[PDB]
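Note sheet for the following structure.
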Amino acid sequence: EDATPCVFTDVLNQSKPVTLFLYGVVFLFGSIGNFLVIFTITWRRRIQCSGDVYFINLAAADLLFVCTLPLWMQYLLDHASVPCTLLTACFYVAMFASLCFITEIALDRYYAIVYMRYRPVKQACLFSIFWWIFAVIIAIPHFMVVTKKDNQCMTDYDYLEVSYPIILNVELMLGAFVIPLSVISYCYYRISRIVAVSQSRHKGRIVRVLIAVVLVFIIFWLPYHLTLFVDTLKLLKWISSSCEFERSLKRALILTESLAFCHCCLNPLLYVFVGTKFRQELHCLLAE
Amino acid sequence: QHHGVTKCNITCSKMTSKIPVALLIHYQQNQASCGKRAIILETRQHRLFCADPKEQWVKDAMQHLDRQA
Ligand SMILES: *[C@@H]1O[C@H](CO)[C@@H](O[C@@H]2O[C@H](CO)[C@@H](O[C@@H]3O[C@H](CO)[C@@H](O)[C@H](O)[C@H]3NC(C)=O)[C@H](O)[C@H]2NC(C)=O)[C@H](O)[C@H]1NC(C)=O
């Protein structure tokens with residue numbers, strides 16, 4: 001009749017090489033850059049402020065994330081058996097942790113600049129622990145359903161309710177994109193709005209750094225989530241889907257998802273590598 | 001897991017109901033990565049169709065297919 005199956009084999013076969021390559025890139029620059037972050041901090045300057053704590057934790061989350069990618073590339077080839085649960089766990093936990101600490105940077109510097117609230121290294125470590133735990137509890141619905149069957153990582157959808165993938169997509173959309181972007185945008189907007197009128201001679205670079213942070217975050221995460229939205233719209237039966245549309249949506253999802261992974265490679269260049277502290281001069285200026 | 005890692009290539013919207021048991025030339029089991037129990041049927045017309053695995057007639061079709069070729 002019309003129960004004709006919608007085949008996806010060509011899309012997967014075409015997306016495989018690109019995905020492999022990108023994963024390789026991200027593992028390369030990611031591992032290198034972030035381990036470089038940890039080394040640089042730990043030896044050149046033992047944690048002198050909360051920012052250093054958050055930077056190390058960010059680099060650690062990113063390292064944990066990129067170190068899962070080689071396993072995934074090994075997965076893509078020949079479809080070796082390694083636990084799906086644990087790998088997916090590390091994947092999502094590292095991701096959410098990365099986002100969390102990215103938010104925490106903006107928060108820390110926000111309370112530091114405008115409201116003039118200052119946190120010692122101790123408190124920073126405490127909050128870091130908090131963020132890791134919160135990152136695990138928010139990753140739970142993403143890996144606790146994943147199991148190994150027929151040597152393949154699968155989410156048994158028939159044993160779950162139809163609302164689950166939708167709720168998952170929504171939680172991912174607001175939790176990973178909306179609420180971090182909103183916070184960092186607000187914080188950096190306030191900070192920029194204060195430093196632009198500040199006494200500091202060369203306020204400008206500070207603003208440029210923050211702007212760069214926001215912009216990069218957008219141009220790397222927005223395509224993926226924007227695809228997630230219309231995918232959810234398909235699952236929500238709000239829009240109609242053809243076989244071709246489901247195919248195009250699949251390809252878009254895969255590609256953009258791979259795109260979003262480079263952000264963790266960009267993270268070392270956005271906070272730690274950025275250079276001298278133009279913000280510390282402003283910091284001394286504001287103390288009057 | 002995520003979308004970049006997926007070995008699922010077949011998605012079924014509906015199911016074929018009853019007939020026939022002779023038109024089939026081959027059948028394929030759905031991928032595990034799909035997470036949806038379904039059977040794929042390739043008939044003599046080289047056309048593919050989705051069939052629910054928990055059907056009384058399916059278990060009888062797979063018999064003739066497995067025994068023949
Ligand atoms: C959906 O993707 C599949 C990915 O390979 C396509 O090809 C199928 O690949 C299977 C690999 O897992 C093959 O499995 C075979 O299974 C038999 C058991 O009956 C084993 O003895 C064989 O060793 C094994 N062969 C290989 C090479 O692993 C399937 O035979 C194969 N199926 C087909 C029809 O080619 C699917 O084709 C694809 N779906 C569609 C509709 O094209």
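Chains: A, B, ... in order of the structure tokens. Residues: from 1 per chain. Ligands: from 1, in order shown.
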
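Using only C-alpha atoms and all ligand atoms as the basis for the distance check, residues found within 6 Å of ligand 1 are residues 7 and 9 of chain A; 9 of chain B.
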
Since we have the selection now, will you write its residues out, keeping N, CA, C and O atoms, as a PDB file, in the first residue's frame?
```pdb
ATOM      1  N   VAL A   7      14.086   4.907   3.260  1.00  0.00           N
ATOM      2  CA  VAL A   7      15.483   4.501   3.395  1.00  0.00           C
ATOM      3  C   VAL A   7      16.418   5.690   3.625  1.00  0.00           C
ATOM      4  O   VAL A   7      16.219   6.769   3.066  1.00  0.00           O
ATOM      5  N   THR A   9      20.077   5.095   3.873  1.00  0.00           N
ATOM      6  CA  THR A   9      21.431   4.551   3.762  1.00  0.00           C
ATOM      7  C   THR A   9      22.430   5.490   3.081  1.00  0.00           C
ATOM      8  O   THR A   9      23.573   5.623   3.531  1.00  0.00           O
TER       9      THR A   9
ATOM     10  N   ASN B   9      19.064   3.186   9.323  1.00  0.00           N
ATOM     11  CA  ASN B   9      18.788   3.722   7.993  1.00  0.00           C
ATOM     12  C   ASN B   9      17.361   3.483   7.526  1.00  0.00           C
ATOM     13  O   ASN B   9      16.963   3.945   6.457  1.00  0.00           O
TER      14      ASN B   9
END
```

Could you pull out all residues of chain B with a DSSP call of strand (DSSP E) and give them as a short mmCIF file (atom, residue, chain, number, x, y, z; two decimals) with N, CA, C and O atoms, in the first residue's frame?
```
data_model
loop_
_atom_site.label_atom_id
_atom_site.label_comp_id
_atom_site.auth_asym_id
_atom_site.auth_seq_id
_atom_site.Cartn_x
_atom_site.Cartn_y
_atom_site.Cartn_z
N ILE B 10 16.59 2.75 8.33
CA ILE B 10 15.22 2.44 7.96
C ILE B 10 14.23 2.93 9.00
O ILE B 10 14.34 2.60 10.18
N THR B 11 13.28 3.74 8.56
CA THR B 11 12.21 4.22 9.42
C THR B 11 10.86 3.87 8.81
O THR B 11 10.61 4.15 7.64
N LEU B 24 7.41 -12.72 -1.98
CA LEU B 24 8.68 -12.35 -1.35
C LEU B 24 9.87 -13.10 -1.93
O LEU B 24 9.79 -14.30 -2.21
N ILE B 25 10.98 -12.39 -2.10
CA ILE B 25 12.22 -13.02 -2.54
C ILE B 25 13.27 -12.93 -1.43
O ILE B 25 14.13 -13.82 -1.31
N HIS B 26 13.21 -11.89 -0.61
CA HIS B 26 14.14 -11.76 0.51
C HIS B 26 13.59 -10.85 1.59
O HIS B 26 12.69 -10.06 1.34
N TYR B 27 14.12 -10.96 2.81
CA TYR B 27 13.71 -10.07 3.89
C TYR B 27 14.89 -9.68 4.77
O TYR B 27 15.82 -10.46 4.98
N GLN B 28 14.84 -8.45 5.29
CA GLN B 28 15.92 -7.93 6.12
C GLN B 28 15.39 -7.50 7.48
O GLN B 28 14.32 -6.90 7.59
N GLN B 29 16.16 -7.81 8.52
CA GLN B 29 15.83 -7.40 9.88
C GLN B 29 16.26 -5.95 10.09
O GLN B 29 17.34 -5.55 9.64
N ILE B 39 10.14 -5.35 10.52
CA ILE B 39 10.69 -6.26 9.52
C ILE B 39 10.58 -5.64 8.13
O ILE B 39 9.57 -5.03 7.78
N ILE B 40 11.64 -5.78 7.34
CA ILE B 40 11.66 -5.25 5.98
C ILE B 40 11.48 -6.37 4.97
O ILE B 40 12.17 -7.39 5.03
N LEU B 41 10.54 -6.19 4.05
CA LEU B 41 10.22 -7.23 3.08
C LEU B 41 10.51 -6.80 1.64
O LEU B 41 9.95 -5.81 1.16
N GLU B 42 11.39 -7.54 0.98
CA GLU B 42 11.68 -7.35 -0.44
C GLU B 42 10.99 -8.42 -1.28
O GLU B 42 11.38 -9.60 -1.25
N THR B 43 9.99 -7.98 -2.03
CA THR B 43 9.16 -8.86 -2.86
C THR B 43 9.82 -9.17 -4.20
O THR B 43 10.94 -8.73 -4.48
N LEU B 48 10.21 -2.69 -1.53
CA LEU B 48 10.39 -2.89 -0.10
C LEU B 48 9.14 -2.47 0.68
O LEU B 48 8.45 -1.53 0.28
N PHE B 49 8.86 -3.16 1.77
CA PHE B 49 7.70 -2.83 2.60
C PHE B 49 7.94 -3.11 4.08
O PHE B 49 8.69 -4.02 4.44
N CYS B 50 7.28 -2.33 4.94
CA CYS B 50 7.40 -2.51 6.38
C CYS B 50 6.34 -3.47 6.91
O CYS B 50 5.18 -3.40 6.51
N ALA B 51 6.75 -4.36 7.81
CA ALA B 51 5.83 -5.32 8.41
C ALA B 51 6.11 -5.49 9.90
O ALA B 51 7.26 -5.67 10.30
#
```

Tell me the residues of chain B close to chain A, meaning within 7 Å using only C-alpha atoms, as a VMD selection string.
chain B and resid 1 3 to 5 9 to 16 32 to 36 48 to 50

Shortest contact to residue 176 of chain A, candidates A:31, A:98, A:42, A:248, atoms counted only C-alpha atoms, goes to A:98

At a cut-off of 12 Å, using only C-alpha atoms, what residues contact residue 222 of chain A? Leave out same-chain residues fewer than 2 positions from it and give the result as a list in words. residues 173, 174, 176, 177, 178, 181, 214, 215, 216, 217, 218, 219, 220, 224, 225, 226, 227, 228, 229, 253, 256, 257, 259, 260 and 263 of chain A

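Atom to atom, atom CA of residue 113 of chain A and atom CA of residue 279 of chain A stand 9.3 Å apart.
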
Item checked: Secondary structure check, alpha helix (DSSP H) residues of chain B, as a PyMOL selection string -> chain B and resi 58-68

- Task: Skip residue 138 of chain A itself and residues of its chain fewer than 4 positions away, then list as an MDAnalysis selection string all residues within 10 Å of it, counting only C-alpha atoms.
- Result: chainID A and resid 92:93 96:97 132:134 142 171:172 175

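One finds atom CA of residue 239 of chain A at 16.4 Å from atom CA of residue 163 of chain A.
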